[PDB]
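**Student:** To kick things off, part of the complex as it is:
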Amino acid sequence: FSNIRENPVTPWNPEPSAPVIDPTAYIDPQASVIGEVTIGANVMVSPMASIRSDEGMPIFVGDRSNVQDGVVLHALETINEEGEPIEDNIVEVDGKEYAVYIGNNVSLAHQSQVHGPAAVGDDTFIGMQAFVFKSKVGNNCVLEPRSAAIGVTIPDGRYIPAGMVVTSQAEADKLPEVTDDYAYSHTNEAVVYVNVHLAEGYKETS
Amino acid sequence: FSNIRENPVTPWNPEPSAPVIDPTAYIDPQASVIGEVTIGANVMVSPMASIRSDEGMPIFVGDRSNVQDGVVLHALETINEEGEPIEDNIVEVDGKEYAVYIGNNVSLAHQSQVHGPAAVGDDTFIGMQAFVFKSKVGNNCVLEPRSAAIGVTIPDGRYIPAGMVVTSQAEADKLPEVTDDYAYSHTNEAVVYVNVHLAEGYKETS
């Protein structure tokens, strides 16, 4: 079998698409990448990740971002039966439409999940086992381990404390701000540096 | 290696069993299905799922149900050392005994887990990253993302709010009811429709 493959023909997908992966990205052999996916340069996709763009599409992962072990990306249907685009399930980023948009320099840590409709802004850390669904996470944010954002917009530069499940815009508006002395303030740039280097190192083993 | 395989011989499993999978089910090549498992028609098993019936057995997945990416099904021992059935670890559904019973038209969403002893009634949605263990989830229920049911019975037609961990029968008795205007009221039938079509589409690629 191939772990990088096209999505299947369905009522909402007349024409199958294969992933477009930059030559500098590393897809582990035990990761799965299916369908209408764009993977940017220097991205590291770890073992057991599953990026599956067969329902809601497309799923984009920007440059120097990392999709860690066991992370799932998938999305709610973006085209219904009759060929109609379901706009509630589509996010818009820089004038383009996506089912899931992961920006540049974003870390999706181990066992986290981003389910479309969703967008994750540049230089944000999505912590271990965290969860994002029907939400827009701004740039320079931090979702600590086991936090979750569902149905909300997380303003730029804010963090979600470990274990907190954010389901209302009123709650997302009062999240705390990332400051220089906040414990995860430098976490994402370290992770990004590491993962870019791991992608290169692992590419030299293939 | 084969990803669909028999369980190993152990003190509690004198005779190995191989999965019984309907020809219309789709098992992704990167899913794992081991042992005394029954998979029904039109079921979709996604990448990185692990259905492992080697301890507690059998594990059943009914018709038109879906086991999404990274979902784990496994169960506590159902036969002890001396060949004795441990009745506390066995669930009974329609006069038959199972370690894990997943009914028909049930969605086990991405990264959720159902650990036996457990039963999940027809047309219920088990949300992303949710958890069911030592529990009986009725039919037409909804476990929102990151909810959990442990050691309880979830009455038919109720939902568990995102992030809520239900560990007592008193709590399960007062869960809210699914109504037409509840946000996840039509989620499972949409997921089921989609996953049945994905199973067929993916079967046409094999």
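**Tutor:** Now that the structure is in, tell me what you want to look at. Numbering: from 1, shown residues only, chains lettered A, B, ... in the order given.
**Student:** CA atoms for contacts and neighbours, from now on please.
**Tutor:** Will do.
**Student:** State the distance from the residue located most distally from the centre of chain A to chain B.
**Tutor:** The C-alpha centroid of chain A is most remote from residue A:82, which lies 28.1 Å away (CA atoms, centre = their mean). Going from residue A:82 to chain B by CA to the nearest CA, to the nearest Å gives 14 Å.
**Student:** Over to that residue. Which of the three states is it?
**Tutor:** coil (DSSP: H, G, I helix; E, B strand; the rest coil).
**Student:** Run through the residues that contact it.
**Tutor:** residue A:12 (CA atoms under 8 Å, 6 or more residues apart in numbering or on different chains).
**Student:** could you redo the last one with a cut-off of 10 Å?
**Tutor:** By CA atoms under 10 Å, 6 or more residues apart in numbering or on different chains, the contact set of residue A:82 is A:11, A:12.
**Student:** ok, which stretches of chain A are helices?
**Tutor:** In chain A, the helices defined using DSSP state H lie at A:169-173, A:187-203.
**Student:** Among those, which comes closest to residue A:97?
**Tutor:** In terms of CA to CA, the element of the helices of chain A nearest to residue A:97 is helix A:169-173, at 22.6 Å.
**Student:** Is that closest one positioned near chain B?
**Tutor:** No - Helix A:169-173 lies apart from chain B when judged by CA under 10 Å from any CA of the partner chain; the minimum separation is 14.7 Å.
**Student:** for that helix, packing partners?
**Tutor:** Contacts defined by 3 or more CA pairs under 10 Å, 6 or more residues apart in numbering or on different chains; DSSP states H and E place helix A:169-173 against strand A:148-150, strand A:153-154, strand A:165-166.
**Student:** Let's add chain C too:
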Amino acid sequence: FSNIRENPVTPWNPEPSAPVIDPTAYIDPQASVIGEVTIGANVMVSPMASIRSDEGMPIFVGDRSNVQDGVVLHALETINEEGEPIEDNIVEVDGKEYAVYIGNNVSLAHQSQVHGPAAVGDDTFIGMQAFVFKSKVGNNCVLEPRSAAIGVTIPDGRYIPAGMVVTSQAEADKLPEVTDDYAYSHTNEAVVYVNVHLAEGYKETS
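**Tutor:** Chain C goes in next, on the same frame as the chains above:
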């Protein structure tokens, strides 16, 4: 591809290392084990687990311990750019340094994760979907399903209630004690017995 493999050359890893696995351990073909890892005797590594010692290293798993389906072990960098050991990210156990140390007779249940720097004492159960990061879990402990220990030390013989996220030493100091009548008091020794037997049974299929 090989699922058991060396870590890549990076700025912090001049010399690649391959896993040292006891002949009596069983590594499922759909598990991934990468880099500077030591796996002890009679250990069972299940489908979809990912043990990845490519950043923080080494990762040790002691005798008769089990790494269940979808469990991730990984760790923060232990050597920085300039070849300097980052002592805050290194744990010390019996006079030896590790990125992640999993002791003997420890169960890492399905979908849990232990992220270095971290140590987990002998005969402790890390429950389904639980999370340990920047913490030291003592021996004879129980992390119930969906519990978490972050940045703390969990004293020997204590348990963390299902769903509880422990982030402060004040909180970890007041956790409840495991007693004979506590519900998970015999869980780990049962799991260990089972998993040792599964490792042997599965080794007889290879």
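**Student:** Revisit the contacts of residue A:82 given that chain C is now included?
**Tutor:** Applying CA under 10 Å, 6+ apart, the residues contacting residue A:82 are A:11, A:12.
**Student:** Recalculate using a threshold of 8 Å.
**Tutor:** Here residue A:82 is in contact with residue A:12 (criterion: CA under 8 Å, 6+ apart).
**Student:** Now it. Its backbone dihedrals?
**Tutor:** Note on residue A:82: its backbone torsions stand at phi -80, psi 10 [degrees, to the nearest 10].
**Student:** Name the residues that touch stretch A:135-143?
**Tutor:** Here stretch A:135-143 makes contact (CA under 8 Å, 6+ apart) with A:117-127, A:130, A:149-162, A:178, A:184-185.
**Student:** what about the residue of chain A found nearest chain C, neighbour count?
**Tutor:** Residue of chain A nearest chain C, by CA to the nearest CA: residue A:201 (5.0 Å). When neighbours are counted by other CA atoms under 10 Å in any protein chain shown, residue A:201 registers 19.
**Student:** what's the distance between residue A:145 and residue A:127?
**Tutor:** 4 Å (CA to CA, to the nearest Å).
**Student:** Can you tell me who the residue most central in space within chain A pairs with across the strands?
**Tutor:** Residue closest to the average C-alpha location in chain A (CA atoms, centre = their mean): residue A:102, at 4.1 Å. With DSSP bridges applied, the residues forming beta bridges to residue A:102 are residue A:61, residue A:120.
**Student:** Repeat that for residue A:52.
**Tutor:** With DSSP bridges as the rule, residue A:52 is bridged to residue A:34.
**Student:** isn't it right next to residue A:60, touching?
**Tutor:** No - look at residue A:52 against residue A:60 with CA atoms under 8 Å: they stay out of range, at 10.9 Å.
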